[PDB]
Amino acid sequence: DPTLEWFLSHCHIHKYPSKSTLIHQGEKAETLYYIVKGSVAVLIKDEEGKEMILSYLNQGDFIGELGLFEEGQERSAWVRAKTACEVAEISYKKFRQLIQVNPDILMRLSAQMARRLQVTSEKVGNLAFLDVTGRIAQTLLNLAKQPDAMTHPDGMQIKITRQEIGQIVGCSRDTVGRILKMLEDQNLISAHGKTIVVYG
């Protein structure tokens, strides 16, 4: 790709070890991010410390872009590295320049903001409509289709803690587990610890 190559050339690159945190919530926003390599997680916490995963982002994804359109804006959430991470970085001020040079880039950002709004809205519906069993059953299906799923003679094999399934669908580790036994109880899946084979 010609454009984004021109873009990066204008960004410093930084790497973050997995589990580290790239964007702090509440903190003043002035920089834009573009994940060159690695995946992360965007999450918001409750007063008590409880977390809720709003999304995962990957290669070719921008981050910290929500405060780019109105001075004195704060980070809307925490962004933690899921894996090692190589991330390009540029200042809004700097970035805004590029925009005026070539608009095509702002068009790339906006598209991601668009797709982002769809899925988050889809997420509002899920919490509003489906029950936790439904929400988990859907997450396993989705995860079983991502690139990090391994092949298995009976379907797909994923590996994830129950804590996270709780932090994705919005329930508690305790409910996830109970639900997980049922789904197996119904030969729908097979779980052993963090390993789950989604049959199909």
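Numbers for residues come from their place in the sequence shown, where the first is 1.
>> Comparing average C-alpha B factors as deposited, tell me which of 116-124 and 102-110 sits higher.
In response: Mean B over CA atoms: larger for 102-110.
> Should the higher mean CA B-factor in the entry be assigned to 74-82 or to 90-98?
Replying inline: Of 90-98 and 74-82, the stretch with the higher C-alpha B-factor average is 90-98.
> Which listed residue, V42, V169, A149, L140, has the largest C-alpha temperature factor in the record?
Replying inline: Max CA B-factor in the entry, restricted to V42, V169, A149, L140: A149.
>> Using the temperature factors of the C-alpha atoms in this entry, rank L22 within its chain: lowest, middle or highest third.
In response: Its C-alpha B-factor, which the entry lists for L22, ranks in the lowest third among residues of this chain.
>> When the deposited Cα B-factors of this chain's modelled residues are ordered and cut into thirds, is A144 in the lowest, the middle or the highest one?
In response: Its C-alpha B-factor, which the entry lists for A144, ranks in the highest third among residues of this chain.
>> Based on the deposited C-alpha B factors for this chain, I'd like to know if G134 is in the lowest, middle or highest third.
In response: According to the entry, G134 has a C-alpha B-factor in the chain's lowest third.
> Lowest, middle or highest third: where is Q157 by C-alpha B factor in its chain?
Replying inline: Ranked within chain, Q157 CA B lands in the lowest tercile.
> Lowest, middle or highest third: where is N58 by C-alpha B factor in its chain?
Replying inline: Ranked within chain, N58 CA B lands in the middle tercile.
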